[PDB]
Amino acid sequence: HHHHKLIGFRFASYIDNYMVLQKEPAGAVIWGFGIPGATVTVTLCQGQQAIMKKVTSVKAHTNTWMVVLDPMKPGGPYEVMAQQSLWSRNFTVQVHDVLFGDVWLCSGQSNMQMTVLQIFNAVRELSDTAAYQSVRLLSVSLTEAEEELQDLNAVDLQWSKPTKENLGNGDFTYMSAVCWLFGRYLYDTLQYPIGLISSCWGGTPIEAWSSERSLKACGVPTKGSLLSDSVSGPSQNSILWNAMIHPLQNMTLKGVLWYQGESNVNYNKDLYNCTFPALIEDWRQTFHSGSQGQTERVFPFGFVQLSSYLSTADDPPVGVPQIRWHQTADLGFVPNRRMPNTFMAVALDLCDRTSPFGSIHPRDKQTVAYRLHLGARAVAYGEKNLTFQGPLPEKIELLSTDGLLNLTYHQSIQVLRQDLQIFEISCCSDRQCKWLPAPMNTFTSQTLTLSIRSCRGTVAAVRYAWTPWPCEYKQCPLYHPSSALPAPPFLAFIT
Ligand SMILES: *[C@@H]1O[C@H](CO)[C@@H](O[C@@H]2O[C@H](CO)[C@@H](O[C@@H]3O[C@H](CO[C@H]4O[C@H](CO)[C@@H](O)[C@H](O)[C@@H]4O)[C@@H](O)[C@H](O[C@H]4O[C@H](CO)[C@@H](O)[C@H](O)[C@@H]4O)[C@@H]3O)[C@H](O)[C@H]2NC(C)=O)[C@H](O)[C@H]1NC(C)=O
Ligand SMILES: *[C@@H]1O[C@H](CO[C@@H]2O[C@@H](C)[C@@H](O)[C@@H](O)[C@@H]2O)[C@@H](O[C@@H]2O[C@H](CO)[C@@H](O[C@@H]3O[C@H](CO)[C@@H](O)[C@H](O[C@H]4O[C@H](CO)[C@@H](O)[C@H](O)[C@@H]4O)[C@@H]3O)[C@H](O)[C@H]2NC(C)=O)[C@H](O)[C@H]1NC(C)=O
Ligand SMILES: *[C@@H]1O[C@H](CO)[C@@H](O[C@@H]2O[C@H](CO)[C@@H](O[C@@H]3O[C@H](CO)[C@@H](O)[C@H](O[C@H]4O[C@H](CO)[C@@H](O)[C@H](O)[C@@H]4O)[C@@H]3O)[C@H](O)[C@H]2NC(C)=O)[C@H](O)[C@H]1NC(C)=O
Ligand SMILES: *[C@@H]1O[C@H](CO)[C@@H](O[C@@H]2O[C@H](CO)[C@@H](O[C@@H]3O[C@H](CO)[C@@H](O)[C@H](O[C@H]4O[C@H](CO)[C@@H](O)[C@H](O)[C@@H]4O)[C@@H]3O)[C@H](O)[C@H]2NC(C)=O)[C@H](O)[C@H]1NC(C)=O
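Heads up: the sequence shown at position 232 corresponds to 249 in the entry's author numbering, and the numbers run straight through without jumps.
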C-alpha cells in the first residue's frame, strides 16, 4: 500500500532505524508530528530495559512535538519508542538499531557530491566496509524550495550501515567519498559510532546554501547576479538551505564538513570572504537554537580549500585563487578570528589530469579526507601536538640592496624544487603597480629567499600560488617535512 496504517504520528524525517544520535555531553533531540492535545512519551530502551523517558504534549493548534533526551555515552544498539496518548487511544512508533556518537553534516557542491564509486582505488574503498559498520550513512535528496521547510522532502539513502552498494551507487549520487572517508578516519581514531549526513548539490554557489540572515548581513543582492557556466546548479538565494539543511536544524550535531567554492569563482566572488564565514556563524546560531542548545554554539566547521583545476572558459582564471583566499577570510589559515573553531584541508596539490569527470573532480579524495581528519582531530577534538596546518610565512624581510625577499616560515619547510614563477611580487613605481615573478633563490630549514631583482620600483606585496593550477599532483614546491602538508597559498603586504 502507498500509505502507512498510522499517518498522524511519526518521527521527523532525520530519525530512522540504524541512525546515529549525538552523544554526551549533549542531549539527543527527538521530534516528530502528532495530533493536537496528545501527550507524547519517548522511551529509550536497551532491549527489554527502558533506560530513559521523556514526556511532552502537542500544543493546541500545532501538529509537532519534541523532547530532549539526556546525554548518553557513545555505543549501542538502542531502541527509541514514541507513544501518542490521545484520550482513549494509544499509538506507537519505534526505531531500532540506534547508536549514540558524533553526527557530521557534509555539504557543498560537486566535489562533496562525488561518491566512493568515482574515486582513486574505488574497488578496495567500496569493499573494505567490514570494520566500519558503526559508521552510519544518510544522503539527502536534491530538493529546492522558496521557503524554509520543517521536514525533509525526500531522502535518497536512508540511515544505513555502509555497503559496497550504497557507498558507490552511481556517479554523484550516494555517499560522498569525502564525507565517507572523513568519517572512516574519524572512526579509526575515535572508535565509536559516527553518523554522516550528506546534503549537497553540484554546481551551486554558497548563496543557495545560506539563509536570508547571513546573506543580508553580507549585502548579497536580493535579485540574483548574472551567472556563468561555472554555476550549473541551483543558484537562487537560500533555495537549497530551505529544503536540504533547514529541516535538520533541530538535530543535535557534532559538526559540519564543507566542500564548496567552485561556483563562486565568478558569482559574487568578492563577497565570499564575507558570505562563507557568515554562513558558518549563521548555521552555528541557527543549529544551536533549533537543537535547544544541544549543538555547540560554536561547533567545528571543517572545509576543503579549492584544488588545482581549470575553471570554465567564461570565468576569469584569477577567480580560482581569489576564492581560495576568501575561503580563509583573507588570512591564509584556520582557525582564525573571523572563522573560529574551523579547520581546513589544502587541496591545490591534489589535482587530477586524467579524471574522467573533469579536472574539477579530482579522484584522490582520500588525501583530502586525511587532511580534513587531522584538522578535525586538532580543532573538533582538541588533540594537541598534532600538525594540521601548512607552513606560512611568519616574517617577511626585504633586502633591497641584495635584491632579495627573505621569508621566515612559522614551520620547518621542505623545498622540492626551485620554482621560478609560483611566487610573485607587486612592483609599484609612482602610481603604477604590476605583478612579476619572484624566482626562489636560496633557502634554509625555516626560511627561503626570492629574487626581486626584476623589480625596478618598490616591492609592495608578495603572493604564493595565485593560479588556478599552481601545482601538479603532490609536486608543489613547498611542504612541511614532518606532516607532509603543502604550504597554503597566500597574499602578504610589505609594510
Ligand atoms: C573581501 O575581498 C574583497 C576583494 O579582495 C575586498 O574588496 C576590496 O577591498 C579593498 C579594501 O577595502 C578595496 O581597495 C580599495 O579600493 C578603493 C577604490 O576602489 C575602486 O577601484 C577599484 C579598482 O582600482 C575597484 O575594484 C572598486 O570596486 C572601486 O571602484 C581605494 O580608493 C582604496 O584606497 C584607500 O584605502 C586604503 C586602505 O584600504 C588606503 O591605504 C588608501 O590610501 C586609500 O585611502 C582601496 O585601495 C578594493 O577596491 C575592494 N575590491 C572590490 C572589488 O570592491 C573586501 O575588502 C574583502 N572583505 C573582507 C571583509 O575581507
Ligand atoms: C495507553 O497508554 C497509557 C500510558 O501509559 C502506558 O502504559 C505503560 C504500561 C507503558 O507502556 C508506558 O510506557 C505507557 O506510557 C496507559 O495508561 C497506563 O496504563 C498502565 C496499564 O498497566 C497503568 O499501569 C498501572 O499503573 C498503576 C498506577 O501507577 C499501577 O498501580 C499498576 O501496577 C499494577 O499493575 C501492573 C500490571 O500488571 C503490575 O505489574 C503491578 O505490580 C501492579 O499490580 C500499573 O503499573 C498506568 O498507571 C497508566 N498510566 C496512565 C498515565 O494512565 C494505558 O493503559 C494505555 N492503553 C490504553 C489507553 O488503552
Ligand atoms: C526547532 O527549532 C526552531 C528554532 O528554535 C523552533 O522554532 C520556534 O518555534 C516556536 C513555535 O513552536 C516559536 O515560538 C512561537 O512563535 C510564534 C510566532 O511569534 C508565537 O505566536 C508563539 O506563541 C504561541 O504560543 C504561546 C504559548 O506557547 C501562546 O501564548 C501564543 O498565543 C501562541 O499560541 C511562540 O512564541 C519560536 O519563535 C521559534 N523559534 C525561532 C528561532 O524561530 C521550532 O519550534 C523547533 N521545533 C520544530 C521545528 O519542530
Ligand atoms: C633570513 O634572515 C634570517 C635573519 O634572522 C637569516 O637567519 C640568520 O642567518 C644568519 C646567517 O646564517 C645567522 O647568523 C649566524 O648565526 C649563527 C647562530 O649561532 C652563528 O653561529 C653565525 O656565526 C658564524 O657566521 C658568521 C657570519 O655569518 C661569522 O661572523 C661567525 O664568526 C661564525 O662563523 C652567524 O652569526 C642568524 O643566526 C640567523 N638568524 C635566525 C633567527 O635564524 C636567514 O639566513 C635568512 N635566510 C636566508 C635564506 O639566508
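Don't be surprised by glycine CBs; every beta carbon is placed ideally from N, CA and C.
| query | result |
| --- | --- |
| Considering only DSSP beta bridges, list what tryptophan 218 is partnered with. | Paired residue(s): none; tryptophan 218 is not in a bridge. |
| Going by the DSSP bridge assignment, what does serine 124 pair with across the sheet? | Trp275 |
| Can you have a look at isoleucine 32 and say buried or exposed, based on whether 16 or more other CB atoms are within 10 angstroms of its CB? | buried |
| Below 8 angstroms on the Cβ atoms is my contact criterion, and I expect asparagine 183 with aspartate 114 to pass it. Report the Cβ-Cβ distance as a whole number of Å. | Actually they do not touch by this definition, with Cβ atoms about 15 angstroms apart. |
| Please determine if the segment 437-449 and the segment 386-394 are in contact, where contact requires at least 3 C-beta pairs separated by less than 8 angstroms. | no |
| Are there 16 or more other CB atoms within 10 angstroms of the CB of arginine 480, so buried, or fewer, so exposed? | buried |
| Can you list, in chain order, the residues of its chain whose CB lies under 6 angstroms from that of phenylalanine 405, leaving out five sequence neighbours each side? | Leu391, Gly392 and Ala395 |
| Let me have the residue list for ligand 1: C-beta closer than 5 angstroms to any non-hydrogen atom, ordered along the chain. | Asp287, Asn290 and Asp347 |
| Kindly provide the ranges of any alpha helix (DSSP H) runs that are 4 or more residues long and lie completely inside the segment 383-445, ordered along the chain. | 383-396 |
| Just to confirm the assignment, what range does the alpha helix (DSSP H) spanning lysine 181 have? | 181-184 |
| If you run the structure through DSSP and keep just helix, strand and coil, what is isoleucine 297? | helix |
| Please classify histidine 113: does DSSP put it in a helix, a strand, or coil? | strand |
| Under the three-state reduction of DSSP, which class applies to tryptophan 452: helix, strand or coil? | strand |
| Looking at the strands, I want to know which residues DSSP matches up with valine 46. | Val85 |
| Would the C-beta of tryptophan 258 count as close to ligand 3, meaning under 6 angstroms from any of its heavy atoms? | no |
| Looking only at C-alpha atoms, which of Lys40, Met129 and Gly51 sits nearest to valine 85? | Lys40 |
| For a test of the three-state rule: what should DSSP assign to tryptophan 258, helix, strand or coil? | helix |
| Out of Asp347, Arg370 and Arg388, state which residue places its alpha-carbon closest to the alpha-carbon of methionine 361. | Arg388 |
| For a quick check, are the C-beta atoms of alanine 260 and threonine 190 less than 7 angstroms apart? | no |
| From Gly51, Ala29, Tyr284 and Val237, pick the residue whose C-alpha is nearest to that of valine 172; which is it? | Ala29 |
| If we call anything under 7 angstroms between Cβ atoms a contact, is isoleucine 211 one with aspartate 145? | no |
| Report all residues from its chain with a CB closer than 6 angstroms to the CB of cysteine 291; omit the five preceding and five following residues, and keep chain order. | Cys235 |
| Please list the terminal residues of the continuous alpha helix (DSSP H) segment that includes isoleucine 340. | 336-343 |
| Output the boundary residues of the beta strand (DSSP E) element that contains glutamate 96. | 92-103 |
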